[PDB]
Amino acid sequence: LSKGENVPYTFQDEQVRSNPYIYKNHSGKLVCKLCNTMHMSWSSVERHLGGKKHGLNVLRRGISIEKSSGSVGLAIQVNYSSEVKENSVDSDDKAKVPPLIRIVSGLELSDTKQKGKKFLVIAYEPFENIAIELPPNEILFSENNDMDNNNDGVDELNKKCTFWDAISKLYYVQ
Amino acid sequence: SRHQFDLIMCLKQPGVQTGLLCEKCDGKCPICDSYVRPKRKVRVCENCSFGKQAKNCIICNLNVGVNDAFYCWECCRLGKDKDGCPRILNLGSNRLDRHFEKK
Amino acid sequence: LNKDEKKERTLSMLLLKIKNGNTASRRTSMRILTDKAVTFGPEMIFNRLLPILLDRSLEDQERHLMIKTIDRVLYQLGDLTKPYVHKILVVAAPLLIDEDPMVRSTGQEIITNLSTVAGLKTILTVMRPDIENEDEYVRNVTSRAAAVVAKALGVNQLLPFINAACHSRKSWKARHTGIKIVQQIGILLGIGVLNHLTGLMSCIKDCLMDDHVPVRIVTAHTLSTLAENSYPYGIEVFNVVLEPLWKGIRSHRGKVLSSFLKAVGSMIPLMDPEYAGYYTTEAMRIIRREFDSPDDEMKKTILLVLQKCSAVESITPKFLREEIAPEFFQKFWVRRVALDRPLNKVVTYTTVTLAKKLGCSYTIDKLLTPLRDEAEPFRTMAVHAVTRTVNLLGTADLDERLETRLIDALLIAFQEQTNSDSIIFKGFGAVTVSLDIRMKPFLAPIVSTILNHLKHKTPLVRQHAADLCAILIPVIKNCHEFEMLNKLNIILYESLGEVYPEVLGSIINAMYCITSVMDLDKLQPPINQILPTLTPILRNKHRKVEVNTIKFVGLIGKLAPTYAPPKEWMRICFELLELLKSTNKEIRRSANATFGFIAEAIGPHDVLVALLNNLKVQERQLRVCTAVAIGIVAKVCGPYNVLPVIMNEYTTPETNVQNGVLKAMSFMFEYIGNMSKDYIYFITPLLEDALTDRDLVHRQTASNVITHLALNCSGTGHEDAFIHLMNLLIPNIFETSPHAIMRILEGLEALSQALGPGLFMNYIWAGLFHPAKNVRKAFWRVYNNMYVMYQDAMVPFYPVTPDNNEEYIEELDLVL
Amino acid sequence: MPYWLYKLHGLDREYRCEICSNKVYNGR
Amino acid sequence: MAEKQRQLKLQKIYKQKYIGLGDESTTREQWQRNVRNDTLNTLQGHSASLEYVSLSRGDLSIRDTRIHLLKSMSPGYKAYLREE
RNA sequence: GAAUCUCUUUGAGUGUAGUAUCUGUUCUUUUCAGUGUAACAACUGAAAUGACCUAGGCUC
Ligand SMILES: [Zn+2]
Ligand SMILES: [Zn+2]
Ligand SMILES: [Zn+2]
Ligand SMILES: [Zn+2]
Ligand SMILES: [Zn+2]
């Protein structure tokens, strides 16, 4: 009935769940943490999920989440796969989207130890992100390079100074 | 009794005569039905003694009684000892429904 | 219509379900009726329900189901019109005469409830046209019905009705049944007639003098029932009726003289010693004159008058032996007596009551010739008399010769018996137990007969053979022959493999009586070989085999723990833990009792793991009995061993294991009465989580721990843990369901004696009045229980100041 | 929109308090 | 159902034996009367609390204080003192 | 009891009282009077339409 899935106890301090709600409390019985309902058997649970009140609680949680949350310059040459693994994924899912760059402040890190400098992060869907430290307060930060044409793409940075050789898979940034 | 609600006790002034329990109900407090540590003898009112009904067990009031019935220590501590005559009167729904269920 | 015709459909569907329906169906429909009975019209409820009970096709099963519904509706609605009163009396009234006392009682509860419901005035208006009825059956019924109403509402309120019917010159049957009402009133009230007997006597006396005989007889029986039910007191009243009984005895003879001798005979023991001698001697002449009466009634009365007159001090035992006794034994012991039981009971009991005045050796002396008679059912009665007589008088009177002939006849009549009866066992045993030391020269052949009877092909004679050993074993020890104990024990242990269970259980019982008596080391088989042959017997199923086997194994556990190796004991434990699924009770109680013996024998921790492994089973009997087993282990081997293991076991997430842990803790607390004090302190954080938990079962069961803990831990000086426990309990007062609320209330009452009345009251006085009609309804109950436990103990503790109440008490403010 | 909700919880029941501007309060 | 119907019955019995037992709605007068009776019975019953009341009231005899307490259990006893 | 041969393995009970927990279906408008409630609630009987103005009306 359970489809062989292990439903962890409430106290086990979280393998991804199917429905991330139904638990077993400190006692034996089954619980739905949204609706705060106690169910005796897994069939009653499947009737709860197929019930109307659980849907209402899921939507109310949806709204509850959606309301809150002449100089010197640098040039980088990033190379990508040679049709080695990209042969299994070609379903026009952002495949047309080129790599993207953003300047991030080190004030926020997974470890939060030291900080105080910027990073020129570069990202592509499958591959892993990449960063480059920029101690200099400003370099190559130009002044109206082109003649003010407005296709924002992502931002002034990307259109202003990036090139994506998609035929060879080479991303240049300067 | 404790477990069966439809039963009705007597609760009159206990007389000088001791109640009796059948071999089946033997060794049980008439109040809480506790098999352990007895304390005192039960005593039943005149209107619960008289004739043959005196010989019956004071709990099931069907089988004949043999041993004296005792109040457990706790029912003597709580004082439910001295309430009155602890003789069940009606037989209850359980026993009757058994009798007619079998035949 | 179509909306209310749906109700007319609902009642029909329900009543159908109760009468003919599934168990879980009728069980719920009963609830639906009881809760919905007020919203259905009693016109419709009874108007629909009553026509079913009239037809002849209904079985007793289907009839009692309708009866129960009638009772549950009557006890609720509380007010009823007279036509339905008459109908319900038409249906329920026939039950009082029914063949078995169960139907009698359940038909009696109806009328005793309706008497309160329908009130006094209505039922009497229903009976008045009924007593005048020409029918015999109806009058017979509503005599009993009228008496049930009389006890139900009290007799004085219904008394002038009886006086009217009895004294009525209009109709004769009205006098007749109006007198019978006094009969069944005398029967139901028991000794409690007493004070009312004078008022009742207003009826009987004049109603005795009617020209018609069948009334004169009924009055005579009423005087007998009132005379016996009264007992010695009632004399002062019957003096008025005592005179005409004699002018009636000396003349009317026939069937009436039987009734009047019943009356006077029942009047004797309540008479003064002066009169008793006279009236007895007057009665004895008529008795002797009437010995030859072929009528069963008259013989039954003669046995009554002889039955009573023996108690009179005036007549001497010599007078009885010289005259009355020989005329008694020869006439009333004729073999034609032994055939019909109701007269057998009276003859035997009469002989027994004569045994008091007569010499024991004289009574037994006259009872040896019937024992040696050839007729089997006659020898049986001759046994009954000897049994009860020996039970009263003992054997001290018997000379050696009668002591020989008696036991000879008991051996003979013992060996040819047919029906299964204990009367020999007890009786032949009652002889042995009394004269036991004097039994020795007779003991050798007796045992031999048993040793023959065990080899008999019929199963009954084997039962009866084995049973008589278990009675002799104690007197065989007194006769000192141990070689016969060993020879028996060996022969039984060899016969222990019998096919028939009913005999095998008795065999094991004899084994038990042998083992308890005899020296353990001198047992031949011996025990160490005995037990491994017993362990396969526990799986024999049935019952008696299981019961006797378990009690015997427990006897070994007490006396001989060290013989069987502990692994074999563990085999025993694994068989018992499976065995207690048995439906019977004493099987389970004995099993649980044996776990203490084994845990004492081998060790606690090897048994406890096995028990705790069994709490995961779904069935309730298994879990509860393993809880009791853990309790007994904790008692016998000490709580400090079991308590940490159980408290660890309570950590499991499963519900049933936790509830089982709490219950086992309840039992292990009520089993150790005083100890209990050192151990609290640990278990309050365990009760902490139990009293907190969501479901209503933990809060229930944990309070039961608090009862047994607080009762016998009170006054020890802890009292700071019981305040904690109470602080956790009080919010549960508002909880519904019967089971949790009674356990919680008991918990608060036990905590009252741990905290004291005042320290406990400080919580209650607040909402003791309160606006809410519910909090009030809840707290007045706890105040009721506290008031019953304590009256003068709460007096300093009331919240009363001179301006709080009007009068107060001026003297509580005085100081010297 | 949650019709029964305010009647359960007691809301959308007109009430008045004199001390603050004789103000109205929709729930207890 | 049947259990509550036993609760009412035992209520009627214990209210007969032990006299005052509040049920659900009991007037303040009905309860304060019970309190008064209990208190007076304690004052008279224990010879200690009777000595204390007798010496404190300075009465000539113990029995005067005891009968004073018994008489005080009737309502009309106040007015009776006022007519003296 | 002893002697020989072949092959295999190892090294769904039941009844009596009673709770707890899920799913399904309805929420008639609005006011007054009675019942009821700690207050609500719930239950019981009667009846709002037309017109005007910048949420409101000493409105008709
Ligand atoms: Zn849910
Ligand atoms: Zn009684
Ligand atoms: Zn019994
Ligand atoms: Zn008890
Ligand atoms: Zn305010």
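Structural descriptor for region E:2-84: relative contact order 20 percent, calculated from alpha carbon pairs under 8 angstrom and at least 6 residues apart. Counting only Cβ charges, +1 for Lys and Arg and -1 for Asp and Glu, the dipole size of region E:2-84 around its Cα centre is about 380 debye. Choose one of E:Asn41, E:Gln7, E:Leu69: the residue whose Cα lies farthest towards the positive end of the charge dipole of region E:2-84 (beta-carbon charges +1 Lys, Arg; -1 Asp, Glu; about the Cα centre). Projecting each Cα onto the dipole axis, the largest value belongs to E:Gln7.
Annotation: amide H of B:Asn67 within the under-5 Å range of B:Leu21, sequence separation 5 or more or interchain, hydrogens built in the peptide plane. Once the chain from C:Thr692 to C:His212 is taken as fully extended at 0.36 nm per residue, the excess over their C-alpha distance is 165.0 nm.
For chain C, rounded, prolate or oblate, judged on the Cα gyration tensor with a ≥ b ≥ c (square roots of eigenvalues), a/c < 1.5 rounded, else prolate if a/b > b/c? Judged from the Cα gyration tensor, chain C comes out oblate (a/c at least 1.5, b/c at or above a/b).
The mean sequence distance of close C-alpha pairs (under 8 Å, at least 6 residues apart), as a share of the length of chain C, puts its relative contact order at 4 percent. Going from the fewest other Cβ atoms within 10 Å to the most, the residues B:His99, C:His64 appear in the order B:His99, C:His64.
Entry note, chain A: the mean residue ellipticity at 222 nm calculated from DSSP H runs of n ≥ 4, each adding -39500 (n - 2.57), is -4500 deg cm²/dmol after division by the residues and rounding to the nearest 500. Legend: ranking of residues C:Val386, C:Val138 from fewest to most surrounding C-beta atoms inside 10 Å; resulting order C:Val138, C:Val386.
Within a straight-line Cα-Cα reach of under 21 Å, C:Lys318 can be paired with the following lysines, leaving aside sequence neighbours fewer than 8 residues apart in one chain: C:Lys308, C:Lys331, C:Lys356, C:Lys357, C:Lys366. Projecting the Cα atoms of C:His167, C:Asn648, C:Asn785 onto the dipole axis of the protein assembly as shown, where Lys and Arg carry +1 and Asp and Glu carry -1 at the beta carbon, places C:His167 farthest toward the positive end.
Relative contact order of chain B: 38 percent, from C-alpha pairs under 8 Å at least 6 residues apart in sequence. Each of A:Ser18, A:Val45, A:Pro8 was placed along the dipole of region A:1-85 (beta-carbon charges, centred on the mean Cα), and the one lying farthest toward the positive end is A:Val45. Checking every one of the GluC sites (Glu not before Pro) in region B:1-96 against DSSP loop status and a limit of 16 other Cβ atoms within 10 Å picks out B:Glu23. With a Cα cut-off of under 25 Å and a minimum spacing of 8 residues unless on different chains, the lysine pairs in region E:2-84 number 6. The charge dipole of the protein assembly as shown, taken about its Cα centre with unit charges on the Cβ of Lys, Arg, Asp and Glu (plus for the first two, minus for the last two), comes to roughly 3500 debye. Ranked by how many other Cβ atoms sit within 10 Å of their own Cβ, fewest first, the residues E:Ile13, C:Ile315 fall in the order E:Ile13, C:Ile315.
Loop-located trypsin sites (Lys or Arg not before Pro) in region C:363-425 (DSSP state other than H, G, I, E, B) with a sparse environment of at most 14 neighbouring Cβ atoms within 10 Å: C:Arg372. Near B:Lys55, once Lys and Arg are set to +1 and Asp and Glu to -1 for all other residues with Cβ below 14 Å from its Cβ, the sum equals 0.
Shown in residue order for region C:162-172 are the 3J(HN,Hα) couplings computed by the Karplus curve 6.51 cos²θ - 1.76 cosθ + 1.60 at θ = phi - 60°: 4, 4, 5, 5, 4, 7, 5, 8, 4, 10, 7 Hz (x for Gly and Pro). For A:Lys3, the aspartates and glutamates whose Cα comes closer than 19 Å to its Cα, not counting residues fewer than 8 places off in the same chain, are A:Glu46.
Rounded to the nearest whole Hz, the Karplus-based 3J(HN,Hα) values (6.51 cos²θ - 1.76 cosθ + 1.60, θ = phi - 60°) of region B:25-31 follow the sequence 7, 4, x, 9, 6, x, 8, with x at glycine and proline. Among the trypsin sites (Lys or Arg not before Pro) found in region C:2-32, those both in a DSSP coil and sparsely packed, with 15 or fewer other Cβ atoms within 10 Å of their Cβ, are C:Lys3.
Measuring between alpha carbons in the structure, the pairs from B:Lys39/C:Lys581; C:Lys487/C:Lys522; C:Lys616/C:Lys663; C:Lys616/C:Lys677; B:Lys39/B:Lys80 lying more than 21 angstrom apart are B:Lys39/C:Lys581; C:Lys616/C:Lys677. Here C:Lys19 is the anchor, and the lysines within straight C-alpha reach of less than 22 Å, apart from those fewer than 8 places off in the same chain, are B:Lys102, B:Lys103, C:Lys6, C:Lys7, C:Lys36, C:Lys68, C:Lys87.
Reconstructed Cβ throughout: ideal geometry from the backbone, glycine too, with neighbour counts over all protein chains shown. Since every read-out is calculated from the coordinates, none of them should be taken as a lab result.
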